[PDB]
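Here's the structure we're looking at; comments come further down.
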Amino acid sequence: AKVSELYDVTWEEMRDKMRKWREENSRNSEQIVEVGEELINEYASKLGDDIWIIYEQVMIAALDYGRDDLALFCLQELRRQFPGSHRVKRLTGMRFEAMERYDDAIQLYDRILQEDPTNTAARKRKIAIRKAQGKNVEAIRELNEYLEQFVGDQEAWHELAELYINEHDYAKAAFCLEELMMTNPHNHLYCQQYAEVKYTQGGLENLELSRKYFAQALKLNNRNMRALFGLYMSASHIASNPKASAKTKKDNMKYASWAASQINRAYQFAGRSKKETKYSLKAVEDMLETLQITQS
Amino acid sequence: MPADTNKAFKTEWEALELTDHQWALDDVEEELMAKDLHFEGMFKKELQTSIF
Amino acid sequence: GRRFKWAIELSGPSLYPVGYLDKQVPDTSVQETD
Amino acid sequence: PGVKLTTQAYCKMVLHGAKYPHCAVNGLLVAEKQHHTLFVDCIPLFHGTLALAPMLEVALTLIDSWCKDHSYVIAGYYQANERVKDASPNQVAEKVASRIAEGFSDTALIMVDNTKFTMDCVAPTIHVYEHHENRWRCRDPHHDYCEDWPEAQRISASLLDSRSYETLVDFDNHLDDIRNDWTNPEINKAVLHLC
């Protein structure tokens, strides 16, 4: 398939596909490297501005995959064009941290900070270095300090939330995801994650809030089945708890029953695609019937 | 750039108090009584694409 | 409860967080219309 | 009590770990209930943050719905850490182990190592922990949990060498792509054909 894929392709399509890969910031270091050196040896003619980012992405992938030879091959080419550039320095420090002798990359980062006071990338890389070197608490402390000093980066917020997830600290993660949802209210993914975190916390009021935020993101996109599953489970759990009002129990039961019919039909019209989908349909049908007998 | 931090801070401080709160999440009943048919015209056009 | 059978439960054991406040500080009520 | 698993389940576990080598992987082994513990096959649960129970709620409930359809039973749950220098079970893993041990009387926790995880595997590269409701946490030093070590090595080498492990699907992919199943049909056909 390698030669077959290499036959029915043009360089323009390769470059467009890699640009889309960079836009989606996916992890396909194997495929990024596989197409990387190919356009480097086949075309190697024009698109220097593109080929600089191409080189950087290729060596980023090679650092992950298996190959430092191509990493240095792209580093020397990047250094040839730009003699003084902080991006090349950051990439070299990343590779150094990958190999050995983390402290050298460290003082490289302090020299970078001494030259340019405003360098978020170097501080982020130092934070990631101490994330894996020592405990996560110190890394959280430095991330909080940097987030105080900038209060600009959403990636920092999401990284702090992810780090707090491992510590079973959903109280602070709730604030983090609320802040992240502030800037992007149309992103249903953050809403789903926030409802997930709130449901994990527990409590009837948290259950109701999580259910309502599950329902909000359900109408924004109409693409996700995770949110509807979470909503149905929240309704079932609020039905289970004795500390509730009668009418709220009836309406939550109605919500769960409607979600059950939505599940049934979604699996139903998926059955015409293949012939093995009937077994999944009957599996989910018995699942929903058992939970319906449980609820009723 | 301009160095009028004090008056800007005071203006923002009073403007923030002037804002009210209206939770837009309470209006959940609108979605419950509705129809879900986009999720299968959408689902029909997701099936043809294969895996590279 | 036993009705759900599988029930995974998760428990949780300097003020650096930016906005997360230890004290709740409710009792805000502003009615200004000029 | 001895522990024994079919090379199909081990291949599925290894390939699921290979699919996402950067984030933690999760799996569920399945046995047959009608002293040695025989494993039939494993299903991959999730990947990524791997600290969320309500998604595990739906996953485990659908797993039960499938076990009461083909007359199966859930034996144990396996989890691999992200960092290479980490071979200690986590709190969520122990919670799931206790949840499964409430029903079944034999649940072994399988930790997948990362230090001895290369192309040419030696053989076992598996940590078996035996946990209960009390403070009994013992790891078996070394035994034999697979039937045909040379043949299993050959199939694993063939599966890893040929880039045909992208067809492996997860429960999360099932939610994202309803088209994709989660029983790994192609994997089963491949392991049957290789033998």
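Numbers in chain A track Swiss-Prot; the residues on display, in order, are 2-297.
Keep in mind that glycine also has a Cβ here, set from the backbone N, Cα and C atoms.
Taken from Swiss-Prot, the feature N-acetylalanine covers A:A2, and the record attributes it to a large-scale study or a structure entry. Other C-beta atoms found within 10 angstroms of the C-beta of A:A2 (N-acetylalanine) number 7, with every protein chain shown included.
What Swiss-Prot lists as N6-acetyllysine is A:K255. Other Cβ atoms within 10 Å of the Cβ of A:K255 (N6-acetyllysine), summed over all protein chains shown, number 12.
Residues or ranges marked as repeat 'TPR 1' in Swiss-Prot (evidence: sequence analysis): A:87-120. When Cβ-Cβ distances below 8 Å are used as the criterion, the repeat 'TPR 1' (A:87-120) is approached by residues 57, 60-61, 64, 69, 72, 76, 79-80, 126-127, 130, 134 of the same chain, each at least six residues removed from its ends.
According to Swiss-Prot, the feature repeat 'TPR 2' maps to A:155-188.
Residues annotated as repeat 'TPR 3' in Swiss-Prot, with sequence analysis given as evidence: A:192-225. Within the chain, the repeat 'TPR 3' (A:192-225) has long-range Cβ neighbours (under 8 A, six or more residues past its boundaries) at 166, 171-172, 174-175, 178-179, 182, 231-232, 235-236, 238-239, 242, 244-245, 253, 256.
Between the alpha carbons (Cα) of A:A2 (N-acetylalanine) and A:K255 (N6-acetyllysine) lies a span of roughly 52 Å. Across the range of the repeat 'TPR 2' (A:155-188), the DSSP-based residue counts are 27 helix, 0 strand, 7 coil. Mapped onto DSSP classes, the repeat 'TPR 1' (A:87-120) shows 28 helix, 0 strand, 6 coil. Under the three-state DSSP scheme, A:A2 (N-acetylalanine) falls in the coil class.
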